[PDB]
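Asker: File follows, target-v5.cif with mmCIF, C-alpha atoms and all ligand atoms:
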```cif
data_coords
#
loop_
_atom_site.group_PDB
_atom_site.id
_atom_site.type_symbol
_atom_site.label_atom_id
_atom_site.label_comp_id
_atom_site.auth_asym_id
_atom_site.auth_seq_id
_atom_site.Cartn_x
_atom_site.Cartn_y
_atom_site.Cartn_z
ATOM 1 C CA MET T 1 6.938 -0.683 9.271
ATOM 2 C CA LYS T 2 9.213 0.248 6.411
ATOM 3 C CA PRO T 3 12.567 -1.337 5.431
ATOM 4 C CA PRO T 4 15.409 1.319 5.337
ATOM 5 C CA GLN T 5 16.151 0.917 1.631
ATOM 6 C CA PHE T 6 12.689 2.205 0.579
ATOM 7 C CA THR T 7 11.234 5.737 0.526
ATOM 8 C CA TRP T 8 7.600 5.847 1.646
ATOM 9 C CA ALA T 9 6.491 6.050 -2.002
ATOM 10 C CA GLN T 10 8.615 3.027 -2.951
ATOM 11 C CA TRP T 11 7.209 1.056 -0.031
ATOM 12 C CA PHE T 12 3.684 2.142 -1.049
ATOM 13 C CA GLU T 13 4.341 0.791 -4.531
ATOM 14 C CA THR T 14 5.746 -2.454 -3.125
ATOM 15 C CA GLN T 15 2.750 -2.886 -0.828
ATOM 16 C CA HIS T 16 -0.254 -1.696 -2.807
ATOM 17 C CA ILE T 17 0.654 -1.576 -6.499
ATOM 18 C CA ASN T 18 3.155 -4.275 -7.445
ATOM 19 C CA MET T 19 1.238 -7.448 -6.731
ATOM 20 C CA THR T 20 3.957 -9.863 -7.881
ATOM 21 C CA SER T 21 1.474 -12.752 -8.118
ATOM 22 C CA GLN T 22 -2.303 -12.755 -8.481
ATOM 23 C CA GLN T 23 -2.235 -15.095 -5.450
ATOM 24 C CA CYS T 24 -2.108 -13.373 -2.054
ATOM 25 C CA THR T 25 0.010 -16.019 -0.315
ATOM 26 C CA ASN T 26 2.800 -15.537 -2.866
ATOM 27 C CA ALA T 27 2.314 -11.761 -3.270
ATOM 28 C CA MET T 28 2.477 -11.277 0.521
ATOM 29 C CA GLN T 29 5.802 -13.113 0.829
ATOM 30 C CA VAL T 30 7.446 -10.061 -0.723
ATOM 31 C CA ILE T 31 5.949 -7.666 1.848
ATOM 32 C CA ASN T 32 6.491 -10.050 4.769
ATOM 33 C CA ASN T 33 10.064 -10.921 3.818
ATOM 34 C CA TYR T 34 10.804 -7.208 3.744
ATOM 35 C CA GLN T 35 9.166 -6.167 7.025
ATOM 36 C CA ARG T 36 10.108 -9.365 8.913
ATOM 37 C CA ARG T 37 6.593 -10.187 10.051
ATOM 38 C CA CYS T 38 3.419 -11.376 8.419
ATOM 39 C CA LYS T 39 1.179 -8.377 7.768
ATOM 40 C CA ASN T 40 -2.345 -9.267 8.860
ATOM 41 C CA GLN T 41 -4.114 -7.374 6.076
ATOM 42 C CA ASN T 42 -3.028 -5.704 2.843
ATOM 43 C CA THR T 43 -4.792 -4.308 -0.216
ATOM 44 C CA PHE T 44 -3.328 -4.400 -3.721
ATOM 45 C CA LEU T 45 -4.909 -1.802 -6.018
ATOM 46 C CA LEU T 46 -5.183 -3.057 -9.601
ATOM 47 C CA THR T 47 -4.108 0.303 -10.991
ATOM 48 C CA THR T 48 -0.889 2.061 -11.969
ATOM 49 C CA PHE T 49 1.479 4.145 -9.858
ATOM 50 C CA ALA T 50 0.936 7.089 -12.230
ATOM 51 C CA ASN T 51 -2.857 6.737 -11.756
ATOM 52 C CA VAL T 52 -2.389 7.034 -7.991
ATOM 53 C CA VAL T 53 0.015 9.987 -8.332
ATOM 54 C CA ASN T 54 -2.720 11.736 -10.254
ATOM 55 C CA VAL T 55 -5.284 10.969 -7.527
ATOM 56 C CA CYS T 56 -2.856 12.832 -5.236
ATOM 57 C CA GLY T 57 -3.936 15.767 -7.375
ATOM 58 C CA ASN T 58 -7.586 15.477 -6.325
ATOM 59 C CA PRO T 59 -8.833 17.677 -3.472
ATOM 60 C CA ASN T 60 -7.258 17.275 -0.045
ATOM 61 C CA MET T 61 -9.509 15.543 2.476
ATOM 62 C CA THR T 62 -9.339 14.319 6.059
ATOM 63 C CA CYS T 63 -7.825 10.835 6.365
ATOM 64 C CA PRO T 64 -10.528 8.433 7.631
ATOM 65 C CA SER T 65 -7.810 6.405 9.407
ATOM 66 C CA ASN T 66 -6.090 9.406 11.074
ATOM 67 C CA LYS T 67 -8.515 12.265 11.623
ATOM 68 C CA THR T 68 -5.694 14.697 12.403
ATOM 69 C CA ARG T 69 -4.351 14.355 8.859
ATOM 70 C CA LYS T 70 -5.427 16.366 5.821
ATOM 71 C CA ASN T 71 -3.009 14.941 3.261
ATOM 72 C CA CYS T 72 -5.448 12.355 1.945
ATOM 73 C CA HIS T 73 -7.088 12.151 -1.483
ATOM 74 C CA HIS T 74 -10.113 10.274 -2.786
ATOM 75 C CA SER T 75 -9.893 8.371 -6.074
ATOM 76 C CA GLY T 76 -13.140 9.644 -7.567
ATOM 77 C CA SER T 77 -13.347 6.312 -9.459
ATOM 78 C CA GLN T 78 -13.672 2.747 -8.170
ATOM 79 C CA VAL T 79 -10.903 0.338 -9.124
ATOM 80 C CA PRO T 80 -10.465 -3.446 -9.099
ATOM 81 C CA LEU T 81 -8.560 -4.574 -6.003
ATOM 82 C CA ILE T 82 -7.394 -7.715 -4.257
ATOM 83 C CA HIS T 83 -7.496 -7.736 -0.461
ATOM 84 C CA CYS T 84 -5.205 -10.205 1.328
ATOM 85 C CA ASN T 85 -6.105 -11.632 4.747
ATOM 86 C CA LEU T 86 -3.725 -13.657 6.877
ATOM 87 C CA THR T 87 -5.351 -17.071 7.384
ATOM 88 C CA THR T 88 -2.325 -18.850 8.840
ATOM 89 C CA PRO T 89 -0.240 -16.675 11.252
ATOM 90 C CA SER T 90 3.271 -17.998 11.684
ATOM 91 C CA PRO T 91 5.437 -15.734 13.942
ATOM 92 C CA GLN T 92 8.081 -18.449 14.331
ATOM 93 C CA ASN T 93 8.434 -18.533 10.542
ATOM 94 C CA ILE T 94 6.930 -15.990 8.137
ATOM 95 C CA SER T 95 7.358 -17.838 4.822
ATOM 96 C CA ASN T 96 4.706 -20.220 6.143
ATOM 97 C CA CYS T 97 2.051 -17.560 6.385
ATOM 98 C CA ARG T 98 -0.933 -18.279 4.148
ATOM 99 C CA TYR T 99 -3.517 -15.758 2.972
ATOM 100 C CA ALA T 100 -7.019 -15.564 1.547
ATOM 101 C CA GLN T 101 -7.733 -13.223 -1.374
ATOM 102 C CA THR T 102 -10.883 -11.159 -1.798
ATOM 103 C CA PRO T 103 -11.608 -9.412 -5.090
ATOM 104 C CA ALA T 104 -13.605 -6.156 -5.096
ATOM 105 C CA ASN T 105 -14.091 -2.825 -6.892
ATOM 106 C CA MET T 106 -13.925 0.122 -4.556
ATOM 107 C CA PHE T 107 -12.689 3.639 -4.173
ATOM 108 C CA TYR T 108 -9.399 4.260 -2.469
ATOM 109 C CA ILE T 109 -8.178 7.119 -0.334
ATOM 110 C CA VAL T 110 -4.426 7.718 -0.344
ATOM 111 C CA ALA T 111 -2.208 9.953 1.760
ATOM 112 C CA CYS T 112 0.342 11.783 -0.393
ATOM 113 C CA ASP T 113 3.394 13.869 0.338
ATOM 114 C CA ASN T 114 6.248 15.619 -1.366
ATOM 115 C CA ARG T 115 8.791 13.108 -2.627
ATOM 116 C CA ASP T 116 11.915 12.036 -0.696
ATOM 117 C CA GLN T 117 14.258 14.680 -2.136
ATOM 118 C CA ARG T 118 17.320 12.438 -2.101
ATOM 119 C CA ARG T 119 15.870 9.072 -3.077
ATOM 120 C CA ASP T 120 12.619 9.600 -4.975
ATOM 121 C CA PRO T 121 12.861 10.242 -8.706
ATOM 122 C CA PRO T 122 12.231 13.924 -9.621
ATOM 123 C CA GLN T 123 9.672 12.843 -12.223
ATOM 124 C CA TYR T 124 7.003 12.857 -9.481
ATOM 125 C CA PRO T 125 7.173 15.793 -7.055
ATOM 126 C CA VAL T 126 4.113 14.405 -5.237
ATOM 127 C CA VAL T 127 3.687 10.718 -4.350
ATOM 128 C CA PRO T 128 1.387 8.330 -2.444
ATOM 129 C CA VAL T 129 2.919 7.272 0.900
ATOM 130 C CA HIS T 130 0.066 5.427 2.646
ATOM 131 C CA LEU T 131 -3.114 3.604 1.662
ATOM 132 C CA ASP T 132 -5.447 5.208 4.144
ATOM 133 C CA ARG T 133 -8.665 3.458 3.213
ATOM 134 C CA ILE T 134 -10.755 1.576 0.668
ATOM 135 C CA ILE T 135 -14.401 2.634 0.474
HETATM 136 N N1 LIG S 201 -8.669 -3.153 4.928
HETATM 137 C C1 LIG S 201 -8.069 -3.181 6.121
HETATM 138 N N2 LIG S 201 -8.839 -3.299 7.239
HETATM 139 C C2 LIG S 201 -8.228 -3.323 8.447
HETATM 140 N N3 LIG S 201 -6.911 -3.247 8.729
HETATM 141 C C3 LIG S 201 -6.177 -3.131 7.598
HETATM 142 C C4 LIG S 201 -6.663 -3.092 6.289
HETATM 143 N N4 LIG S 201 -5.622 -2.970 5.381
HETATM 144 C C5 LIG S 201 -4.545 -2.932 6.137
HETATM 145 N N5 LIG S 201 -4.806 -3.025 7.489
HETATM 146 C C6 LIG S 201 -3.824 -3.013 8.583
HETATM 147 O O1 LIG S 201 -3.450 -1.664 8.814
HETATM 148 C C7 LIG S 201 -2.025 -1.590 9.107
HETATM 149 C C8 LIG S 201 -1.356 -0.669 8.104
HETATM 150 O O2 LIG S 201 -1.514 -1.184 6.761
HETATM 151 P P1 LIG S 201 -2.010 -0.225 5.538
HETATM 152 O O3 LIG S 201 -3.472 0.081 5.809
HETATM 153 O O4 LIG S 201 -1.815 -1.037 4.267
HETATM 154 O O5 LIG S 201 -1.152 1.038 5.588
HETATM 155 P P2 LIG S 201 0.078 1.548 4.854
HETATM 156 O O6 LIG S 201 -0.262 1.880 3.416
HETATM 157 O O7 LIG S 201 0.590 2.801 5.543
HETATM 158 O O8 LIG S 201 1.147 0.473 4.921
HETATM 159 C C9 LIG S 201 -1.515 -3.031 9.135
HETATM 160 O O9 LIG S 201 -1.515 -3.561 10.463
HETATM 161 C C10 LIG S 201 -2.527 -3.768 8.266
HETATM 162 O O10 LIG S 201 -2.616 -5.140 8.605
#
```
Can the structure from this file be put into structure tokens for me?
Ligand SMILES: Nc1ncnc2c1ncn2[C@@H]1O[C@H](COP(=O)(O)OP(=O)(O)O)[C@@H](O)[C@H]1O

Answerer:
Amino acid sequence: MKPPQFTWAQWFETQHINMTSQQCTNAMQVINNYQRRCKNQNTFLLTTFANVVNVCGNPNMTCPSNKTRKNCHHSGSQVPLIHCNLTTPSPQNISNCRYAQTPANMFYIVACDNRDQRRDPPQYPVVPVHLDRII
């Protein structure tokens, strides 16, 4: 889920672009402390927000993860990524969740939408709002 203070684009950035530490256990604390639960799996794309916004400009395609959606876009270029996997689930205390990290270079498919009119900066009319898939 998404904390109230973030727009979908801001939450996308927090979850898949701003890896605050090259270590998943530490990087995931940010996401988990925000959504009050240890996310089982999360991919951090080693790319820039602007790079992803531009991928939103690639042709529209069906979202592999939600076949009814056509707001997805394929990167057209593989990128380095770190995939975090929960190794130590801790529902009674989320700061004790540990993760494994798996490096890879793959393509990414992102769902994009028009920006949150009120909260998203006007600089980017179109923004990524969901990481639909890594292929
Ligand atoms: N590579 C993956 N394989 C399987 N499940 C995943 C993967 N990445 C994330 N998930 C799971 O999918 C759900 C949504 O996460 P995510 O795919 O990152 O979407 P979003 O960008 O909308 O937050 C979470 O339960 C997460 O643990």

Asker: For ligand LIG 201 (chain S), I'd like the enclosing box, axis-aligned and padded by 6 Å on every side, reported as JSON with centre and edge lengths in Å to one decimal.

Answerer:
```
{"center_x": -3.8, "center_y": -1.2, "center_z": 6.9, "size_x": 22.0, "size_y": 19.9, "size_z": 19.0}
```

Asker: What does the list of residues within 7 Å of ligand LIG 201 (chain S) look like if you count all atoms listed in the file, written as an MDAnalysis selection string?

Answerer: chainID T and resid 12 15 39:43 129:134

Asker: Which residues match the PyMOL selection byres (((chain T and resi 27) around 12) and not hetatm) in the file above, as a ChimeraX atom specification?

Answerer: /T:14-26,28-34,38-39,42-44,82-86,95,97-101

Asker: I would like the residues chosen by the PyMOL selection byres (((chain T and resi 109) around 9) and not hetatm) on the shown file; could you give them as a PyMOL selection string?

Answerer: chain T and resi 55+61+63-64+72-75+107-108+110-111+130-135

Asker: Deliver the residues from the most recent selection as a file, using C-alpha atoms, as a PDB file, in the frame of the given file.

Answerer:
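The file below, result.pdb, is the result:
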```pdb
ATOM      1  CA  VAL T  55      -5.284  10.969  -7.527  1.00  0.00           C
ATOM      2  CA  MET T  61      -9.509  15.543   2.476  1.00  0.00           C
ATOM      3  CA  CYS T  63      -7.825  10.835   6.365  1.00  0.00           C
ATOM      4  CA  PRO T  64     -10.528   8.433   7.631  1.00  0.00           C
ATOM      5  CA  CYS T  72      -5.448  12.355   1.945  1.00  0.00           C
ATOM      6  CA  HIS T  73      -7.088  12.151  -1.483  1.00  0.00           C
ATOM      7  CA  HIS T  74     -10.113  10.274  -2.786  1.00  0.00           C
ATOM      8  CA  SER T  75      -9.893   8.371  -6.074  1.00  0.00           C
ATOM      9  CA  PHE T 107     -12.689   3.639  -4.173  1.00  0.00           C
ATOM     10  CA  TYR T 108      -9.399   4.260  -2.469  1.00  0.00           C
ATOM     11  CA  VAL T 110      -4.426   7.718  -0.344  1.00  0.00           C
ATOM     12  CA  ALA T 111      -2.208   9.953   1.760  1.00  0.00           C
ATOM     13  CA  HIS T 130       0.066   5.427   2.646  1.00  0.00           C
ATOM     14  CA  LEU T 131      -3.114   3.604   1.662  1.00  0.00           C
ATOM     15  CA  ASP T 132      -5.447   5.208   4.144  1.00  0.00           C
ATOM     16  CA  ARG T 133      -8.665   3.458   3.213  1.00  0.00           C
ATOM     17  CA  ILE T 134     -10.755   1.576   0.668  1.00  0.00           C
ATOM     18  CA  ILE T 135     -14.401   2.634   0.474  1.00  0.00           C
TER      19      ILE T 135
END
```

Asker: Given the file above and the PyMOL selection byres (((chain T and resi 8) around 9) and not hetatm), which residues are selected, and can you give them as a count of residues only?

Answerer: 14

Asker: How many Å lie between CA of residue 102 in chain T and CA of residue 76 in chain T, rounded to one decimal?

Answerer: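 Between these atoms lies a distance of 21.7 Å.
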
Asker: If you measure from CA of residue 69 in chain T to CA of residue 49 in chain T, what distance in Å do you get, rounded to one decimal?

Answerer: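 We find that CA of residue 69 in chain T and CA of residue 49 in chain T lie 22.1 Å from each other.
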
Asker: Can you measure CA of residue 3 in chain T to CA of residue 36 in chain T for me? One decimal in Å is fine.

Answerer: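 So the two atoms, CA of residue 3 in chain T and CA of residue 36 in chain T, lie 9.1 Å apart.
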
Asker: Anything within 9 Å of (5.0, 15.2, -9.5): list those residues as an mmCIF file with C-alpha atoms, in the frame of the given file, counting all atoms listed in the file and sticking to the file's coordinates.

Answerer:
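The result, stored in point21.cif:
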```cif
data_model
loop_
_atom_site.group_PDB
_atom_site.id
_atom_site.type_symbol
_atom_site.label_atom_id
_atom_site.label_comp_id
_atom_site.auth_asym_id
_atom_site.auth_seq_id
_atom_site.Cartn_x
_atom_site.Cartn_y
_atom_site.Cartn_z
ATOM 1 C CA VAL T 53 0.015 9.987 -8.332
ATOM 2 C CA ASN T 54 -2.720 11.736 -10.254
ATOM 3 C CA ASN T 114 6.248 15.619 -1.366
ATOM 4 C CA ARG T 115 8.791 13.108 -2.627
ATOM 5 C CA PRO T 122 12.231 13.924 -9.621
ATOM 6 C CA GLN T 123 9.672 12.843 -12.223
ATOM 7 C CA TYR T 124 7.003 12.857 -9.481
ATOM 8 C CA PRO T 125 7.173 15.793 -7.055
ATOM 9 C CA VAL T 126 4.113 14.405 -5.237
ATOM 10 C CA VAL T 127 3.687 10.718 -4.350
#
```

Asker: Quick test: take range 47-119 of chain T, keep C-alpha atoms, and write it as a PDB file, in the first residue's frame.

Answerer:
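Output (out.pdb):
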```
ATOM      1  CA  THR T  47      18.568   4.142 -13.099  1.00  0.00           C
ATOM      2  CA  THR T  48      17.266   7.691 -12.754  1.00  0.00           C
ATOM      3  CA  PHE T  49      13.712   8.941 -12.291  1.00  0.00           C
ATOM      4  CA  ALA T  50      14.064  11.001 -15.488  1.00  0.00           C
ATOM      5  CA  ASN T  51      15.161   7.841 -17.372  1.00  0.00           C
ATOM      6  CA  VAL T  52      11.971   6.096 -16.250  1.00  0.00           C
ATOM      7  CA  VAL T  53       9.791   9.117 -17.108  1.00  0.00           C
ATOM      8  CA  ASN T  54      11.194   8.886 -20.602  1.00  0.00           C
ATOM      9  CA  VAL T  55      10.394   5.156 -20.801  1.00  0.00           C
ATOM     10  CA  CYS T  56       6.806   6.263 -20.086  1.00  0.00           C
ATOM     11  CA  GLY T  57       7.165   7.794 -23.533  1.00  0.00           C
ATOM     12  CA  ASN T  58       7.740   4.426 -25.215  1.00  0.00           C
ATOM     13  CA  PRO T  59       4.759   2.659 -26.804  1.00  0.00           C
ATOM     14  CA  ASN T  60       1.847   1.659 -24.589  1.00  0.00           C
ATOM     15  CA  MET T  61       1.636  -2.076 -23.936  1.00  0.00           C
ATOM     16  CA  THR T  62      -0.470  -4.486 -21.907  1.00  0.00           C
ATOM     17  CA  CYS T  63       0.728  -4.834 -18.307  1.00  0.00           C
ATOM     18  CA  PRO T  64       1.997  -8.410 -17.779  1.00  0.00           C
ATOM     19  CA  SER T  65       0.866  -8.209 -14.128  1.00  0.00           C
ATOM     20  CA  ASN T  66      -2.644  -6.839 -14.866  1.00  0.00           C
ATOM     21  CA  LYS T  67      -3.844  -7.878 -18.307  1.00  0.00           C
ATOM     22  CA  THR T  68      -6.728  -5.398 -18.208  1.00  0.00           C
ATOM     23  CA  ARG T  69      -4.283  -2.481 -18.145  1.00  0.00           C
ATOM     24  CA  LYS T  70      -2.728  -0.759 -21.153  1.00  0.00           C
ATOM     25  CA  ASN T  71      -0.790   1.969 -19.356  1.00  0.00           C
ATOM     26  CA  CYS T  72       2.461   0.022 -19.261  1.00  0.00           C
ATOM     27  CA  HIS T  73       5.732   0.754 -21.063  1.00  0.00           C
ATOM     28  CA  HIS T  74       8.774  -1.368 -21.847  1.00  0.00           C
ATOM     29  CA  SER T  75      12.264   0.015 -21.220  1.00  0.00           C
ATOM     30  CA  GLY T  76      13.774  -1.011 -24.546  1.00  0.00           C
ATOM     31  CA  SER T  77      17.137  -1.273 -22.714  1.00  0.00           C
ATOM     32  CA  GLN T  78      18.243  -3.559 -19.881  1.00  0.00           C
ATOM     33  CA  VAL T  79      19.387  -1.869 -16.685  1.00  0.00           C
ATOM     34  CA  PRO T  80      21.324  -2.944 -13.586  1.00  0.00           C
ATOM     35  CA  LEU T  81      18.958  -3.775 -10.723  1.00  0.00           C
ATOM     36  CA  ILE T  82      18.984  -5.090  -7.181  1.00  0.00           C
ATOM     37  CA  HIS T  83      16.136  -7.384  -6.155  1.00  0.00           C
ATOM     38  CA  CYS T  84      15.382  -7.662  -2.426  1.00  0.00           C
ATOM     39  CA  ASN T  85      13.870 -10.828  -0.937  1.00  0.00           C
ATOM     40  CA  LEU T  86      12.579 -11.077   2.609  1.00  0.00           C
ATOM     41  CA  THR T  87      14.630 -13.799   4.327  1.00  0.00           C
ATOM     42  CA  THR T  88      13.502 -13.097   7.887  1.00  0.00           C
ATOM     43  CA  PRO T  89       9.762 -12.195   8.197  1.00  0.00           C
ATOM     44  CA  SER T  90       9.000 -10.378  11.418  1.00  0.00           C
ATOM     45  CA  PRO T  91       5.301  -9.296  11.666  1.00  0.00           C
ATOM     46  CA  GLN T  92       5.633  -8.591  15.395  1.00  0.00           C
ATOM     47  CA  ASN T  93       8.450  -6.157  14.600  1.00  0.00           C
ATOM     48  CA  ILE T  94       9.370  -4.921  11.116  1.00  0.00           C
ATOM     49  CA  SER T  95      12.781  -3.352  11.819  1.00  0.00           C
ATOM     50  CA  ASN T  96      13.980  -6.917  12.378  1.00  0.00           C
ATOM     51  CA  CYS T  97      13.200  -8.018   8.862  1.00  0.00           C
ATOM     52  CA  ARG T  98      16.297  -9.143   6.973  1.00  0.00           C
ATOM     53  CA  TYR T  99      16.653  -9.416   3.203  1.00  0.00           C
ATOM     54  CA  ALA T 100      18.796 -11.059   0.549  1.00  0.00           C
ATOM     55  CA  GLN T 101      19.959  -9.023  -2.454  1.00  0.00           C
ATOM     56  CA  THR T 102      20.184 -10.312  -6.011  1.00  0.00           C
ATOM     57  CA  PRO T 103      21.963  -8.284  -8.682  1.00  0.00           C
ATOM     58  CA  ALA T 104      20.823  -8.545 -12.318  1.00  0.00           C
ATOM     59  CA  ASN T 105      20.504  -6.638 -15.607  1.00  0.00           C
ATOM     60  CA  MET T 106      17.030  -6.805 -17.051  1.00  0.00           C
ATOM     61  CA  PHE T 107      14.374  -4.848 -18.828  1.00  0.00           C
ATOM     62  CA  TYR T 108      11.636  -3.225 -16.833  1.00  0.00           C
ATOM     63  CA  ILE T 109       8.015  -2.541 -17.632  1.00  0.00           C
ATOM     64  CA  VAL T 110       6.441   0.409 -15.827  1.00  0.00           C
ATOM     65  CA  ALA T 111       2.859   1.608 -15.569  1.00  0.00           C
ATOM     66  CA  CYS T 112       2.634   5.382 -16.012  1.00  0.00           C
ATOM     67  CA  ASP T 113      -0.097   7.933 -15.529  1.00  0.00           C
ATOM     68  CA  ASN T 114      -0.720  11.637 -15.602  1.00  0.00           C
ATOM     69  CA  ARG T 115       0.790  13.304 -12.552  1.00  0.00           C
ATOM     70  CA  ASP T 116      -1.125  14.058  -9.328  1.00  0.00           C
ATOM     71  CA  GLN T 117      -2.276  17.562 -10.301  1.00  0.00           C
ATOM     72  CA  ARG T 118      -2.076  18.949  -6.774  1.00  0.00           C
ATOM     73  CA  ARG T 119       1.020  17.239  -5.406  1.00  0.00           C
TER      74      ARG T 119
END
```
